[PDB]
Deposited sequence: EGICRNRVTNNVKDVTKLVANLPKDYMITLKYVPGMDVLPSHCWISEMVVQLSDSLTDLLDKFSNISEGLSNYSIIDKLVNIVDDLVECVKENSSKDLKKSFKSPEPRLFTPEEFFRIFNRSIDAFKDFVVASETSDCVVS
């Protein structure tokens, strides 16, 4: 989706620096994301990252006048929601939705946002969509 709202690890790196290391974030991970082509999982991953981030957002209080966790997350919530929009709109050869109920697991902030960056980077370099078994 050409326009990705630039979600570089710039703010992500800061967020991870300020989230406790032993704090587990829940994410319904789409299995196969580490081997299958993107058109097979990007749609559901983007939807799940959106729900996890939004739920994570309610766990912090505002003070957006100095790059607080709340503010950065809100910024990431918006980026992913728009990617969700695109995916539903620019569907073809892409598994536009279907199912949407993988298995929920726990991730460290580091692991969670690594999954977050790969999902977004997935759009960056993505042209050859279409099988997924």
- Message: Counting from residue 1 of the deposited sequence, where are the gaps with no C-alpha coordinates?
- Response: 1 to 3, 134 to 136, 140 to 141
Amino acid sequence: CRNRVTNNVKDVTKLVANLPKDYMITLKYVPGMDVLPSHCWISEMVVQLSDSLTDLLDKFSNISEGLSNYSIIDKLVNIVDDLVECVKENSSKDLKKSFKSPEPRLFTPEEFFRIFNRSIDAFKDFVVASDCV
From here on, numbers count along this sequence of modelled residues.
- Task: Using only the Cα atoms and their B-factors as the entry lists them, report which of 97 to 105 and 32 to 40 averages higher.
- Result: 97 to 105
- Query: Which has the higher mean CA temperature factor in the PDB entry, 59 to 67 or 77 to 85?
  - Reply: 59 to 67
- Message: Highest recorded C-alpha temperature factor, please, choosing from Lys124, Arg118, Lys14, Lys21.
- Response: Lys124
